[PDB]
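Report on the structure given below.
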Amino acid sequence: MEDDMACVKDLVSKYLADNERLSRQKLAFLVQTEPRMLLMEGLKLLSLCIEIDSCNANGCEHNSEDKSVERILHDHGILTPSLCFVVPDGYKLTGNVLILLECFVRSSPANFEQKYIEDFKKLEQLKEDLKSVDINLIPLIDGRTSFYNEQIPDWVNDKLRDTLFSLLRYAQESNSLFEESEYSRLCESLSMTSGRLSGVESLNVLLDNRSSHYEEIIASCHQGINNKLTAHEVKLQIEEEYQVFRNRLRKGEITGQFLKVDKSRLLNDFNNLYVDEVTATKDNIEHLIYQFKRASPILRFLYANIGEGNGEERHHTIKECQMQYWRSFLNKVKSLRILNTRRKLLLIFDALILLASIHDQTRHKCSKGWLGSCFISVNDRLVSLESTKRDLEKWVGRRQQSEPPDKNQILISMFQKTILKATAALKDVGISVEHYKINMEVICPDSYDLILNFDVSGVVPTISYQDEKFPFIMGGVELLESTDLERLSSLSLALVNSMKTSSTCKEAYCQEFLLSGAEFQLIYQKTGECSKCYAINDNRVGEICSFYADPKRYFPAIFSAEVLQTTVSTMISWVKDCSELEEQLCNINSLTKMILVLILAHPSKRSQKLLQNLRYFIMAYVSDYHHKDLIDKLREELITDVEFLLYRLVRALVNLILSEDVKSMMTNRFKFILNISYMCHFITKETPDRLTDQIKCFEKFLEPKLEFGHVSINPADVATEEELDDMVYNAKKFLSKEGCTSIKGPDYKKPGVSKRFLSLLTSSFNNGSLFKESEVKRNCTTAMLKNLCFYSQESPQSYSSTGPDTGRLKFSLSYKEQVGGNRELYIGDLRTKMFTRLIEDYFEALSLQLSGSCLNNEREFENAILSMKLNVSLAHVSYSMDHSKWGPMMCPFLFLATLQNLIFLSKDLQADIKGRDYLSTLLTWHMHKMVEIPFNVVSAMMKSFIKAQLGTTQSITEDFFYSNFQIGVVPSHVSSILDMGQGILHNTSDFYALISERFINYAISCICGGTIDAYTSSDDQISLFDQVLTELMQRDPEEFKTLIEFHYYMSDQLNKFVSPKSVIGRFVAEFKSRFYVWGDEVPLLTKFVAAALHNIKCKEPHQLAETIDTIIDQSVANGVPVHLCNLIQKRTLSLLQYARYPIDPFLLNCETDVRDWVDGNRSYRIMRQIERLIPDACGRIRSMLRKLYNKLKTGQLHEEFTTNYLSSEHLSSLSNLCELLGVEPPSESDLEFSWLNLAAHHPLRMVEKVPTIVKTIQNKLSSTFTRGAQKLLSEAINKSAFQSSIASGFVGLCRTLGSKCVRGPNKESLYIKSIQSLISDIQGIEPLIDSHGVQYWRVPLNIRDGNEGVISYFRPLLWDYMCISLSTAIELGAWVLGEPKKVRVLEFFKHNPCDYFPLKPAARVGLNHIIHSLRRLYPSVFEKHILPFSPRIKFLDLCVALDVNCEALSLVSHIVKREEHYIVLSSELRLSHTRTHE
Ligand SMILES: [Mg+2]
Ligand SMILES: [Zn+2]
């Protein structure tokens, strides 16, 4: 064992770089002889090489002397106060930039993430401490997952660490210089293989230490449970229980929780729901219509009468005088950076704008841009007039007397110098100044005297902070028109735009809009994105109105003025043929329109809840039985009068619709009311306030634990007995529920489980009664190591009864937004998630072994839908139920006690025992978790206590804080037993619900003479009854009710509570929000419309099109008509056009029909759009494509096309492809058509080049653990620091498109306007626009040579058309290459809007195939990018080739879940197009 020393010493002597830092450690190692010292020196040298490579690679100076940061400052003469203990590994000072380069090496995922979090937090803290120095700090962290470096080659380093390991184990077995813990740590660190190599058996590495608590818990689980009874000895207990329950219920001690339906009583209870303020029951429609148009200033302004303009004054409002041009130019100039703008380079701008205004004024007498005595400045300001005159005279007098000259001369000199500077700086980058239509004529020879001799007259524009004297007439606009929607759209656009203004008559900001004639000004006095006061002003009469709205909630109505009208119009057409509703048809329209406008004008949470609570009422109205505590659950607190008006409107509508004397069509009215109820999705999803929601969520979390009487406050890591005995005591108490055989009788809605029913369930599962036929068949060295960079310290060594030795599991609490209420959310670390995943997937597999669940399986959902459809068809009884408080009422103790009593059959009995031990240990771990209290809530509670302690309601949580606040304690952590991890433990609860419902159905079947089917996914259940029970319902109304009450009691006995929103009935069935009726179908139109409306994000404009396309494709399959989708697409295109972005024929197709969504796919619509653009030329290519596909189907060439033509020039090759056959070639003025691509060199900027397939491959490949360690966690940390909304996203998108957002040939940035200017320079190319607007250009052939720097952006059309067409024809049938034609022969019928028809589309792939094809076809790229990391594949090769060579959009030809079944209007299919495959 000594020759190894010699050879490795020689190898390291010959393979070490000559560094003045490395030679020291090299000689210190080479001089040593003792093996232990060799170990130390080798480890030190390896660490040195790694850290020096890291320090030199990132361009920094290495800290060899190990000096602290304040030392580094003091040596450089930088004086700083005292600081904490910090040592930088790499430090650099460059100007005012400071660089720190701490680094380390880790192999385990959990260790890597923990070290990253630790040093990141430490360095952020130190950055905060050093911010006072007035010097910037930027940390840099490098964490590598391997020992490879630069100063040493790989093989010598590997053999070095290997021989080091061998000598390590030798010396450990010889001298035992190390103890067990450090020795094991060093082995696991330098092993580089023990990071992650095992699975479930990893728990076998540690020790047990399970001394006493485990035995007590396991015994308490087994105390009084009997799980050996036979099938004969459970029926008797069931019968006895039923007998005593029925007797005690009939006597009058058991209450009963169900009533029979009564429509009149239900309506009468709904009408008198808020009878304390609305002191009436009836309301005339006319008075409501009258007082609706005068409620709020917004509504008054919406329906007022403002017809300013006699017909010629408004004509000038489309002239675009010089003032606006000067304003835009000055804004664009100020967007750059010029020096010394403080009170010098700003007054000049106002002077120029004022001169331009005077010039525009005294030539044709226009009155724009003014407001009383004020004008709009460069930065959307509202500067006055006189103060500017004073500043101007002061400045000119000072500058003149600083020095014969003349005032006008000084003014024109200053103006010309500044203008020359500006125009030079502008010409510098990419743009001339002649494209702004500005002229240097407003600078008259005499201007100062003109400034000093101006005057205006008007009013003062004011703002009032709260009688209302409106300057106009209140209401004169009919509801049937579409004017209020346009006014709302314009006002909302102004309100959203009001957020763009940046920070620095006090100061006033103004935005401008105009409806039809004159223009109005929205005035505000504060920046930022927050609630603030707004006013509306006009030049004739100022201060029209003022209000207190919030900006970020007014998005869904921007350009969607023609979309909502069609929505209401098509929703009305449903209830149109009711023979007893014609006399009341305008009232319905008025009410619907008023509700929509009102909910779009004042968005609030209370209106959302009130509108959401209607579906439960409409479901109960058409059923047989319902919970007794239903009506009381439909009431909530309302505050403002707008909400009361909304409630009155809803009441009037629901009384008009579901009155008496109507018996024609119940399904249509049901669908109508449901769609009305689903309008709550139009408001928003985000929160109005943040602190109150946190307080509410914490209150909901803390409430149900203060009556069970078990809350731990700040538990210690070393658990004391005072907590363990209490845990055991409460665990015993949890299993002490009585019922039906006691003195006090049963008690409802209390957490707990009874021993009798647990025993019954376990015994019935063990002996076998719940399986179908198809189921039974299946010490200085320590500090030395601490100096190292790869010696980890964050691995567990032994577990216990309360988690690993590091500490009990910890979680953080936070809310998640949702329509209506807000959901709770628990967040854990990575090791915790890795630990929980074992239980999760074990229980998921165990449940998959059985049948009936519908959580993640996708086969059972179709069976459920089929059974529901059949049951509804046969008019049987259906029970739709949801459970209440499912999360905070379950318990891991219940799952453990259930698992500890099941007996399996020949399932690796010894491994079965070992797995049971593992699972029991993990569940015992979960039972002892801890949850963190947020910081804002405790801070606010402390502030409130201090405030209202020295100077009533006393919410119980506030009482808890006040109690544990005054004795010297501050709550930080809270632990208990009653709370199951919301969303963490999910599949186990699904399994438990499955077995529980199966046992309950078995018992109910054993009592009566019928059977039941059930379906459930962890919180929702649908039960289907047979014919016997359905007959029993209407023959003996007493046995039915008793059976239902017994089902309720049984479910309560097993810790499952039925919510008051469940329903038993025969008319409708619902599961997972999917309603079904016998002779119709129920689409949710408003839901999909509202979902599609506000669903945009700030990204590249070619992915929003994909997202909207997928959304519309998903929505069409449910019943939405097509023209609505066309209008939605038009709205999206207009939203894009507003941002000044050129529209190309590869975004959307707003001319589709039914067939384009059923049969075709994404590429078919693009092909159809291109065919619509340029006909008379696509047929010639289509004939050649037909012939080529017919030839290639038999596999004739497959190679001449693959390389010779595809991988060459485009134009000439095309011609050859025509002479390869006997078809006529394309004309010379056919290859002239071309479009414009901005991403021809690199994609656009947001905040070499290779195909996108390479991008996604290197993304999905270099991310496992080692090739994707740093980047993913870095980007996650970066994204965690961002919080945004939809409006802010649209604003950011509008901002980025117009700054640079463009890259040049080599490396540079430009502007879009510059590109369009250079394009418009050459007067030989012709643009062309279509109706909806799609720009495409015609360019000649000769003009290309001579200026090849701007023509490198264009791209021909026929080439891409052929690529996409051939690709999609390969992907689909061969009919695509036919010739389409509309059907113009069928006559016109009279259709009803409610008539549907089903359809099926006209009908694996892996990641290795594309790699192998790219290898065997394109070896060049493969050997440099993929190497460092029969009939079916024959066409896959062609697919990937077409994808690589034609990169416009054909990527989607391979990136593509897709629905199958379609339900469409039968009146639409008979007007589609036909494609013939001949
Ligand atoms: Mg349900
Ligand atoms: Zn004018």
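Naming works like this for the structure tokens: A, B, ... for the chains as they're shown, residue 1 at the start of each chain, ligands 1 onward in shown order.
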
Taking only C-alpha atoms and all ligand atoms into account, which residues are within 8 Å of ligand 2, as a count of residues only? 13

Could you list, as a PyMOL selection string, all protein and nucleic acid residues with an atom at most 7 Å from ligand 1, counting only C-alpha atoms and all ligand atoms? chain A and resi 880-882+1020-1022+1070-1073

Could you save those same residues with N, CA, C and O atoms as a PDB file, in the first residue's frame?
ATOM      1  N   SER A 880     -76.728  13.826  -4.476  1.00  0.00           N
ATOM      2  CA  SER A 880     -75.520  14.601  -4.721  1.00  0.00           C
ATOM      3  C   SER A 880     -75.101  15.258  -3.415  1.00  0.00           C
ATOM      4  O   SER A 880     -75.878  16.022  -2.828  1.00  0.00           O
ATOM      5  N   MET A 881     -73.883  14.965  -2.957  1.00  0.00           N
ATOM      6  CA  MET A 881     -73.469  15.409  -1.640  1.00  0.00           C
ATOM      7  C   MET A 881     -72.042  15.929  -1.672  1.00  0.00           C
ATOM      8  O   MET A 881     -71.185  15.419  -2.399  1.00  0.00           O
ATOM      9  N   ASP A 882     -71.810  16.968  -0.877  1.00  0.00           N
ATOM     10  CA  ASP A 882     -70.478  17.453  -0.566  1.00  0.00           C
ATOM     11  C   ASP A 882     -70.326  17.465   0.945  1.00  0.00           C
ATOM     12  O   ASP A 882     -71.285  17.722   1.675  1.00  0.00           O
ATOM     13  N   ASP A1020     -66.250  14.906  -2.668  1.00  0.00           N
ATOM     14  CA  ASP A1020     -67.539  15.044  -3.321  1.00  0.00           C
ATOM     15  C   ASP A1020     -68.034  13.649  -3.650  1.00  0.00           C
ATOM     16  O   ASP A1020     -67.244  12.759  -3.972  1.00  0.00           O
ATOM     17  N   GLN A1021     -69.345  13.454  -3.567  1.00  0.00           N
ATOM     18  CA  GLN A1021     -69.871  12.113  -3.732  1.00  0.00           C
ATOM     19  C   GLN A1021     -71.198  12.164  -4.467  1.00  0.00           C
ATOM     20  O   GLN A1021     -72.003  13.080  -4.265  1.00  0.00           O
ATOM     21  N   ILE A1022     -71.409  11.176  -5.330  1.00  0.00           N
ATOM     22  CA  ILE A1022     -72.692  10.973  -5.985  1.00  0.00           C
ATOM     23  C   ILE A1022     -73.107   9.524  -5.787  1.00  0.00           C
ATOM     24  O   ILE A1022     -72.325   8.602  -6.050  1.00  0.00           O
ATOM     25  N   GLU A1070     -75.441  15.982 -10.443  1.00  0.00           N
ATOM     26  CA  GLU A1070     -74.243  16.796 -10.573  1.00  0.00           C
ATOM     27  C   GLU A1070     -73.073  16.110  -9.887  1.00  0.00           C
ATOM     28  O   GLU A1070     -73.218  15.564  -8.791  1.00  0.00           O
ATOM     29  N   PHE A1071     -71.913  16.148 -10.539  1.00  0.00           N
ATOM     30  CA  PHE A1071     -70.692  15.584  -9.982  1.00  0.00           C
ATOM     31  C   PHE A1071     -69.506  16.328 -10.572  1.00  0.00           C
ATOM     32  O   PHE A1071     -69.352  16.370 -11.795  1.00  0.00           O
ATOM     33  N   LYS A1072     -68.681  16.913  -9.703  1.00  0.00           N
ATOM     34  CA  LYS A1072     -67.508  17.683 -10.124  1.00  0.00           C
ATOM     35  C   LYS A1072     -67.905  18.843 -11.032  1.00  0.00           C
ATOM     36  O   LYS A1072     -67.237  19.133 -12.026  1.00  0.00           O
ATOM     37  N   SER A1073     -69.001  19.516 -10.681  1.00  0.00           N
ATOM     38  CA  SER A1073     -69.539  20.650 -11.435  1.00  0.00           C
ATOM     39  C   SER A1073     -69.811  20.265 -12.891  1.00  0.00           C
ATOM     40  O   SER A1073     -69.256  20.835 -13.830  1.00  0.00           O
TER      41      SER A1073
END

Please provide the set of residues having any atom within 12 Å of residue A:388, restricted to only C-alpha atoms, with same-chain residues fewer than 5 positions apart removed, written as a PyMOL selection string. chain A and resi 343+346-351+354+374-375+377+382-383+393-395+451-452

Hey, what does DSSP flag as alpha helix (DSSP H) within stretch 318-411 of chain A? Can you give it to me as a PyMOL selection string? chain A and resi 322-334+347-364+386-402+407-411

Same residues, N, CA and C atoms, saved as a compact mmCIF listing (two decimals), in the first residue's frame:
# COMPACT_ATOMS: atom_id res chain seq x y z
N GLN A 322 -50.24 70.72 -34.45
CA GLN A 322 -48.81 70.67 -34.14
C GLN A 322 -48.53 70.42 -32.67
N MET A 323 -49.44 70.82 -31.77
CA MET A 323 -49.19 70.67 -30.34
C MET A 323 -48.96 69.22 -29.97
N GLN A 324 -49.80 68.32 -30.49
CA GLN A 324 -49.65 66.90 -30.17
C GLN A 324 -48.35 66.34 -30.73
N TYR A 325 -47.96 66.78 -31.93
CA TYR A 325 -46.71 66.32 -32.51
C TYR A 325 -45.52 66.74 -31.65
N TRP A 326 -45.50 68.00 -31.24
CA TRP A 326 -44.42 68.48 -30.38
C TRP A 326 -44.41 67.73 -29.05
N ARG A 327 -45.59 67.48 -28.48
CA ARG A 327 -45.66 66.76 -27.22
C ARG A 327 -45.09 65.35 -27.36
N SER A 328 -45.48 64.63 -28.41
CA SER A 328 -44.98 63.28 -28.61
C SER A 328 -43.48 63.27 -28.83
N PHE A 329 -42.97 64.20 -29.64
CA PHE A 329 -41.53 64.25 -29.89
C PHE A 329 -40.77 64.53 -28.60
N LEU A 330 -41.25 65.49 -27.80
CA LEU A 330 -40.56 65.82 -26.56
C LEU A 330 -40.61 64.65 -25.58
N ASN A 331 -41.72 63.92 -25.54
CA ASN A 331 -41.80 62.75 -24.67
C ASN A 331 -40.80 61.69 -25.09
N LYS A 332 -40.75 61.39 -26.39
CA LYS A 332 -39.79 60.40 -26.88
C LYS A 332 -38.36 60.83 -26.58
N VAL A 333 -38.07 62.12 -26.70
CA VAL A 333 -36.71 62.60 -26.42
C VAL A 333 -36.39 62.46 -24.94
N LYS A 334 -37.30 62.91 -24.07
CA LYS A 334 -37.07 62.81 -22.63
C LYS A 334 -36.99 61.36 -22.16
N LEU A 347 -38.25 73.67 -18.26
CA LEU A 347 -38.94 74.90 -18.64
C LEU A 347 -38.94 75.10 -20.15
N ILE A 348 -37.84 74.73 -20.81
CA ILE A 348 -37.76 74.88 -22.26
C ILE A 348 -38.84 74.06 -22.94
N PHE A 349 -39.12 72.87 -22.42
CA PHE A 349 -40.14 72.01 -23.02
C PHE A 349 -41.51 72.66 -22.93
N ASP A 350 -41.85 73.20 -21.76
CA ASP A 350 -43.12 73.90 -21.61
C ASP A 350 -43.19 75.11 -22.52
N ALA A 351 -42.08 75.84 -22.66
CA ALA A 351 -42.06 76.99 -23.56
C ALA A 351 -42.33 76.57 -25.00
N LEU A 352 -41.70 75.49 -25.44
CA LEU A 352 -41.92 75.01 -26.81
C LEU A 352 -43.36 74.58 -27.02
N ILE A 353 -43.93 73.84 -26.06
CA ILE A 353 -45.31 73.40 -26.20
C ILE A 353 -46.25 74.60 -26.22
N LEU A 354 -45.97 75.61 -25.40
CA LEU A 354 -46.81 76.81 -25.38
C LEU A 354 -46.73 77.55 -26.71
N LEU A 355 -45.53 77.66 -27.28
CA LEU A 355 -45.39 78.32 -28.57
C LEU A 355 -46.13 77.56 -29.66
N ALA A 356 -46.03 76.23 -29.65
CA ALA A 356 -46.76 75.43 -30.63
C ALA A 356 -48.26 75.61 -30.47
N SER A 357 -48.73 75.71 -29.22
CA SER A 357 -50.15 75.92 -28.98
C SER A 357 -50.60 77.28 -29.51
N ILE A 358 -49.80 78.32 -29.28
CA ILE A 358 -50.15 79.65 -29.79
C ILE A 358 -50.20 79.63 -31.31
N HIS A 359 -49.23 78.96 -31.94
CA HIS A 359 -49.21 78.88 -33.40
C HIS A 359 -50.45 78.17 -33.93
N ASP A 360 -50.76 76.99 -33.38
CA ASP A 360 -51.97 76.28 -33.78
C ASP A 360 -53.22 77.10 -33.49
N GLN A 361 -53.17 77.96 -32.48
CA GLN A 361 -54.34 78.74 -32.09
C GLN A 361 -54.63 79.84 -33.10
N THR A 362 -53.69 80.75 -33.29
CA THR A 362 -53.98 81.92 -34.13
C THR A 362 -53.75 81.63 -35.61
N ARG A 363 -54.25 80.50 -36.09
CA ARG A 363 -54.38 80.26 -37.52
C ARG A 363 -55.75 79.72 -37.90
N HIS A 364 -56.35 78.87 -37.07
CA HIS A 364 -57.69 78.35 -37.34
C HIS A 364 -58.56 78.28 -36.09
N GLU A 386 -49.05 81.43 -15.14
CA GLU A 386 -48.34 82.59 -14.62
C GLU A 386 -46.99 82.21 -14.03
N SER A 387 -46.95 81.15 -13.22
CA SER A 387 -45.69 80.73 -12.61
C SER A 387 -44.63 80.47 -13.67
N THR A 388 -45.04 79.93 -14.82
CA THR A 388 -44.10 79.74 -15.92
C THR A 388 -43.56 81.07 -16.42
N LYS A 389 -44.42 82.08 -16.52
CA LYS A 389 -43.97 83.40 -16.94
C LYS A 389 -42.95 83.97 -15.96
N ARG A 390 -43.22 83.82 -14.66
CA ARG A 390 -42.29 84.32 -13.65
C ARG A 390 -40.95 83.60 -13.74
N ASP A 391 -40.98 82.27 -13.84
CA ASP A 391 -39.74 81.52 -13.97
C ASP A 391 -38.97 81.93 -15.22
N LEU A 392 -39.67 82.12 -16.33
CA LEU A 392 -39.02 82.48 -17.58
C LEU A 392 -38.35 83.84 -17.47
N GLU A 393 -39.07 84.85 -16.98
CA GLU A 393 -38.49 86.18 -16.87
C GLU A 393 -37.31 86.19 -15.90
N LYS A 394 -37.45 85.51 -14.76
CA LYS A 394 -36.34 85.43 -13.81
C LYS A 394 -35.11 84.80 -14.45
N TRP A 395 -35.30 83.67 -15.14
CA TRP A 395 -34.17 82.96 -15.73
C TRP A 395 -33.49 83.79 -16.80
N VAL A 396 -34.27 84.43 -17.68
CA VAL A 396 -33.66 85.19 -18.76
C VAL A 396 -32.94 86.42 -18.22
N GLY A 397 -33.55 87.11 -17.25
CA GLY A 397 -32.88 88.26 -16.65
C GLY A 397 -31.58 87.87 -15.96
N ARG A 398 -31.60 86.76 -15.22
CA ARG A 398 -30.39 86.30 -14.55
C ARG A 398 -29.30 85.95 -15.55
N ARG A 399 -29.63 85.14 -16.56
CA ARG A 399 -28.62 84.73 -17.53
C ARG A 399 -28.09 85.91 -18.32
N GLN A 400 -28.93 86.92 -18.59
CA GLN A 400 -28.46 88.08 -19.33
C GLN A 400 -27.56 88.96 -18.48
N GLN A 401 -28.01 89.34 -17.29
CA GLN A 401 -27.19 90.15 -16.40
C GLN A 401 -25.97 89.41 -15.87
N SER A 402 -25.88 88.10 -16.10
CA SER A 402 -24.66 87.37 -15.78
C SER A 402 -23.49 87.87 -16.63
N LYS A 407 -33.54 89.83 -25.82
CA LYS A 407 -34.22 88.71 -25.16
C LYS A 407 -34.57 87.62 -26.16
N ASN A 408 -35.22 87.98 -27.26
CA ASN A 408 -35.58 87.01 -28.28
C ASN A 408 -34.35 86.27 -28.79
N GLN A 409 -33.22 86.97 -28.89
CA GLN A 409 -31.99 86.32 -29.34
C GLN A 409 -31.55 85.24 -28.36
N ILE A 410 -31.57 85.54 -27.06
CA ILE A 410 -31.20 84.54 -26.06
C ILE A 410 -32.15 83.35 -26.13
N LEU A 411 -33.45 83.62 -26.26
CA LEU A 411 -34.42 82.54 -26.32
C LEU A 411 -34.18 81.64 -27.52

Using only C-alpha atoms, which of the listed residues (A:509, A:672, A:104, A:886) sits closest to residue A:574?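 That would be A:672, the residue with the smallest distance to residue A:574.
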
If we count only C-alpha atoms, what is near residue A:202 at a cut-off of 12 Å, once residues fewer than 2 positions away on the same chain are taken out, given as a list in words? residues 194, 195, 196, 197, 198, 199, 200, 204, 205, 206, 207, 796, 797, 798, 834, 835, 838 and 918 of chain A

Output file for the residues above (N, CA and C atoms, as a PDB file, in the first residue's frame):
ATOM      1  N   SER A 194     -23.109   8.162  -2.536  1.00  0.00           N
ATOM      2  CA  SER A 194     -24.095   8.045  -1.472  1.00  0.00           C
ATOM      3  C   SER A 194     -25.041   9.236  -1.404  1.00  0.00           C
ATOM      4  N   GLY A 195     -24.966  10.161  -2.363  1.00  0.00           N
ATOM      5  CA  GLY A 195     -25.877  11.293  -2.353  1.00  0.00           C
ATOM      6  C   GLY A 195     -27.328  10.869  -2.477  1.00  0.00           C
ATOM      7  N   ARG A 196     -27.657  10.165  -3.560  1.00  0.00           N
ATOM      8  CA  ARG A 196     -29.013   9.652  -3.755  1.00  0.00           C
ATOM      9  C   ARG A 196     -28.914   8.426  -4.661  1.00  0.00           C
ATOM     10  N   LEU A 197     -29.007   7.240  -4.061  1.00  0.00           N
ATOM     11  CA  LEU A 197     -28.959   5.996  -4.826  1.00  0.00           C
ATOM     12  C   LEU A 197     -30.004   4.967  -4.423  1.00  0.00           C
ATOM     13  N   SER A 198     -30.688   5.123  -3.295  1.00  0.00           N
ATOM     14  CA  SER A 198     -31.648   4.141  -2.813  1.00  0.00           C
ATOM     15  C   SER A 198     -33.062   4.703  -2.870  1.00  0.00           C
ATOM     16  N   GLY A 199     -34.015   3.880  -2.440  1.00  0.00           N
ATOM     17  CA  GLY A 199     -35.410   4.272  -2.431  1.00  0.00           C
ATOM     18  C   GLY A 199     -36.024   4.271  -1.048  1.00  0.00           C
ATOM     19  N   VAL A 200     -36.988   3.376  -0.824  1.00  0.00           N
ATOM     20  CA  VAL A 200     -37.663   3.320   0.469  1.00  0.00           C
ATOM     21  C   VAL A 200     -36.723   2.787   1.544  1.00  0.00           C
ATOM     22  N   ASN A 204     -33.398   2.536   6.296  1.00  0.00           N
ATOM     23  CA  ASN A 204     -32.614   1.499   6.951  1.00  0.00           C
ATOM     24  C   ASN A 204     -31.218   1.965   7.343  1.00  0.00           C
ATOM     25  N   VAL A 205     -30.826   3.187   6.977  1.00  0.00           N
ATOM     26  CA  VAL A 205     -29.475   3.646   7.286  1.00  0.00           C
ATOM     27  C   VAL A 205     -29.373   4.094   8.740  1.00  0.00           C
ATOM     28  N   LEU A 206     -30.443   4.672   9.280  1.00  0.00           N
ATOM     29  CA  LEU A 206     -30.388   5.312  10.585  1.00  0.00           C
ATOM     30  C   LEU A 206     -30.667   4.301  11.697  1.00  0.00           C
ATOM     31  N   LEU A 207     -30.838   4.808  12.916  1.00  0.00           N
ATOM     32  CA  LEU A 207     -31.115   4.004  14.098  1.00  0.00           C
ATOM     33  C   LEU A 207     -32.552   4.236  14.559  1.00  0.00           C
ATOM     34  N   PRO A 796     -29.206  13.501   8.349  1.00  0.00           N
ATOM     35  CA  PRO A 796     -29.665  12.872   9.590  1.00  0.00           C
ATOM     36  C   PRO A 796     -28.936  11.565   9.855  1.00  0.00           C
ATOM     37  N   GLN A 797     -28.801  11.242  11.136  1.00  0.00           N
ATOM     38  CA  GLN A 797     -28.089  10.047  11.571  1.00  0.00           C
ATOM     39  C   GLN A 797     -28.982   9.033  12.265  1.00  0.00           C
ATOM     40  N   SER A 798     -30.017   9.484  12.967  1.00  0.00           N
ATOM     41  CA  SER A 798     -30.923   8.585  13.666  1.00  0.00           C
ATOM     42  C   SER A 798     -32.245   9.301  13.889  1.00  0.00           C
ATOM     43  N   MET A 834     -39.968  15.063   0.097  1.00  0.00           N
ATOM     44  CA  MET A 834     -39.424  13.759  -0.267  1.00  0.00           C
ATOM     45  C   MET A 834     -39.881  12.683   0.708  1.00  0.00           C
ATOM     46  N   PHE A 835     -40.035  13.042   1.982  1.00  0.00           N
ATOM     47  CA  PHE A 835     -40.504  12.073   2.968  1.00  0.00           C
ATOM     48  C   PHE A 835     -41.982  11.761   2.777  1.00  0.00           C
ATOM     49  N   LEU A 838     -43.466   9.252  -0.201  1.00  0.00           N
ATOM     50  CA  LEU A 838     -43.520   7.804  -0.027  1.00  0.00           C
ATOM     51  C   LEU A 838     -44.908   7.357   0.416  1.00  0.00           C
ATOM     52  N   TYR A 918     -42.340   1.106   8.643  1.00  0.00           N
ATOM     53  CA  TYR A 918     -41.953   2.363   8.006  1.00  0.00           C
ATOM     54  C   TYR A 918     -43.120   3.344   7.967  1.00  0.00           C
TER      55      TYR A 918
END

I'd like the contact shell of residue A:632 - 10 Å cut-off, only C-alpha atoms, skipping same-chain residues fewer than 6 positions apart - returned as a ChimeraX atom specification. /A:269,273,1060

Could you take the residues named above and write them with N, CA, C and O atoms, as a short mmCIF file (atom, residue, chain, number, x, y, z; two decimals), in the first residue's frame?
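Generated file (result-v5.cif):
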data_model
loop_
_atom_site.label_atom_id
_atom_site.label_comp_id
_atom_site.auth_asym_id
_atom_site.auth_seq_id
_atom_site.Cartn_x
_atom_site.Cartn_y
_atom_site.Cartn_z
N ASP A 269 -89.66 32.28 1.54
CA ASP A 269 -88.50 32.46 2.40
C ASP A 269 -87.41 33.25 1.68
O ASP A 269 -86.68 34.02 2.32
N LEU A 273 -85.68 37.63 2.78
CA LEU A 273 -84.34 37.24 3.22
C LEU A 273 -83.63 38.36 3.96
O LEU A 273 -82.89 38.10 4.91
N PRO A 1060 -74.91 21.21 4.41
CA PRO A 1060 -76.31 21.60 4.17
C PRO A 1060 -76.64 21.88 2.71
O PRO A 1060 -77.78 22.26 2.42
#

Test item: residues at most 12 Å from residue A:933, only C-alpha atoms, excluding those fewer than 2 positions along its chain, as a VMD selection string: chain A and resid 694 to 695 697 to 699 701 to 702 713 to 714 810 to 814 826 930 to 931 935 to 939 970 to 975

Stretch 1398-1408 of chain A: which residues within 8 Å, counting only C-alpha atoms, same-chain residues fewer than 4 positions away excluded, as a list in words? residues 1158, 1159, 1372, 1412, 1460, 1461, 1462, 1463 and 1464 of chain A
